[PDB]
Amino acid sequence: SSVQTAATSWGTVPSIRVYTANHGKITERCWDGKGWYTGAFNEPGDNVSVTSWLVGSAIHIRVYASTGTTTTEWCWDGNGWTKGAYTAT
Amino acid sequence: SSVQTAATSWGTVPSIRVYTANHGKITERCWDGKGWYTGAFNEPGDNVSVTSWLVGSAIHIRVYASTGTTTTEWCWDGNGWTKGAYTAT
Amino acid sequence: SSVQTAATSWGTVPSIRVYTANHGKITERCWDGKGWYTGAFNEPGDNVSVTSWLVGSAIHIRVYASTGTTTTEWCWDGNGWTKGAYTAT
Ligand SMILES: OC[C@@]1(O)OC[C@@H](O)[C@@H](O)[C@@H]1O
Ligand SMILES: OC[C@@]1(O)OC[C@@H](O)[C@@H](O)[C@@H]1O
Ligand SMILES: OC[C@@]1(O)OC[C@@H](O)[C@@H](O)[C@@H]1O
Ligand SMILES: OC[C@@]1(O)OC[C@@H](O)[C@@H](O)[C@@H]1O
Ligand SMILES: OC[C@@]1(O)OC[C@@H](O)[C@@H](O)[C@@H]1O
Ligand SMILES: OC[C@@]1(O)OC[C@@H](O)[C@@H](O)[C@@H]1O
Ligand code: NA
Ligand code: NA
Ligand code: NA
Ligand SMILES: [Zn+2]
Ligand SMILES: [Zn+2]
Ligand SMILES: [Zn+2]
């Protein structure tokens with residue numbers, strides 16, 4: 001079987017973020033042009049998807065972590081991860 | 001276990017679309033800057049991926065819904081969802 | 001049950017790439033504006049995610065293929081697929 005991943009990137013360097021779901025936990029690895037390192041994101045989930053967008057040169061990331069039938073949105077706007085407003089119904 | 005999602009976004013507001021596969025059915029939730037609401041997309045699938053692109057300010061979305069070994073592409077060009085030309089072989 | 005896919009696109013034509021994981025093998029289908037055709041990517045994986053970015057008009061693609069707990073990054077910079085530096089720890 002296997003872990004499940006999601007990936008996003010931005011800019012021209014680029015920056016890359018890769019999220020991995022394994023045993024109900026999602027972790028994050030990061031590339032900013034030099035090498036890979038572990039990111040701050042660490043939240044529960046069996047499944048993960050991600051999207052991101054720039055405002056000028058500032059990144060915003062949304063990570064959708066699902067356990068069973070519950071999907072939690074996690075927000076990065078440049079200063080820490082927080083739960084977002086997403087609901088499924 | 002859990003549902004499986006895919007996500008896309010565009011612009012700077014942004015607009016966000018989150019697709020969720022659960023019990024062989026995919027549904028869609030939408031954010032356009034104000035709050036989340038249910039979108040028009042509703043098609044069968046155990047698995048889902050998505051990509052989207054802008055022409056100027058008009059969005060185009062492609063959703064790849066898979067059941068067993070059959071992957072159906074669904075197209076949004078601004079005026080309703082239709083099946084696209086994608087085939088796997 | 002079902003195969004698992006990931007998708008990316010770029011430009012305004014657009015170009016689209018759709019990766020499908022089935023039986024521990026990932027393959028690639030390609031659209032460049034005319035029709036769909038099979039791409040060069042063919043590597044092992046039970047799970048797949050993808051991201052891509054432009055430099056001017058040149059595409060770069062990163063495909064994250066996972067089997068069990070091992071995630072291999074595959075790089076397209078315009079001249080063949082190679083393994084990238086990604087590690088999970
Ligand atoms: O600079 C790395 C970092 O701050 O980038 C944005 C997010 O990916 C964070 O989780 C991560 O720690
Ligand atoms: O800044 C956070 C937020 O408003 O960003 C846009 C959407 O992701 C919302 O669900 C989320 O609460
Ligand atoms: O305005 C919402 C909407 O039209 O946006 C484009 C697609 O996401 C549609 O399914 C969705 O109903
Ligand atoms: O406008 C629909 C279409 O031509 O868009 C590009 C690709 O997604 C094709 O498979 C699809 O039929
Ligand atoms: O022109 C098609 C192609 O070269 O595009 C870039 C990558 O998707 C390759 O695997 C693919 O064969
Ligand atoms: O050109 C290849 C490379 O440097 O591209 C950026 C990242 O994907 C790295 O892991 C990878 O080795
Ligand atoms: Na250090
Ligand atoms: Na209303
Ligand atoms: Na031919
Ligand atoms: Zn284990
Ligand atoms: Zn159930
Ligand atoms: Zn089979």
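To find a chain, count down the sequence lines: A is the first, B the second, and so on, and within it residues start at 1. As a basis for the values below, the full set of heavy atoms in this structure was taken, side chains included, without hydrogen atoms, waters or symmetry mates. First listed ligand is number 1; within each ligand, the first listed atom is number 1.
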Enumerate, one pair per line, all nitrogen or oxygen atoms of ligand 1 lying under 3.5 Å from a protein nitrogen or oxygen, stating the separation to 0.1 Å; write 'none' if no such pair exists.
from	atom 1	to	atom 2	distance (Å)
ligand 1	1 (O)	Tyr37(A)	OH	3.2
ligand 1	5 (O)	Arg17(A)	NH2	3.0
ligand 1	8 (O)	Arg17(A)	NE	2.9
ligand 1	8 (O)	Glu28(A)	OE2	2.6
ligand 1	10 (O)	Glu28(A)	OE1	2.7
ligand 1	10 (O)	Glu28(A)	OE2	3.4
ligand 1	10 (O)	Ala40(A)	N	3.4
ligand 1	10 (O)	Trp81(A)	NE1	2.8
ligand 1	12 (O)	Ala40(A)	N	3.1

Exercise for review: Check the angle between the aromatic planes of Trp76(C) and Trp81(C) and answer parallel, tilted or perpendicular using the 30° and 60° thresholds.
Suggested key: tilted
Exercise for review: Determine yes or no for a side-chain-to-main-chain donor-acceptor pair under 3.5 angstrom, with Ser9(B) supplying the side chain and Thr51(A) the backbone.
Suggested key: no
Point to revise | Non-neighbouring partners of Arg17(A) that pass salt bridge (charged side-chain N to carboxylate O under 4.0 Å, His left out), sequence neighbours left out | key: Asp32(A)
Check your understanding: Between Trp31(B) and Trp36(B), what is the ring plane arrangement, given parallel below 30°, perpendicular above 60°, and tilted in between?
Key -> tilted
Check your understanding: Going hydrophobic residue to hydrophobic residue with side-chain gaps under 4.5 angstrom, can you get from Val63(C) over to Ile59(C)?
Key -> yes
**Study point:** Main-chain N/O of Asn47(B) paired with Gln4(C) side-chain donor or acceptor, under 3.5 Å
**Key:** no
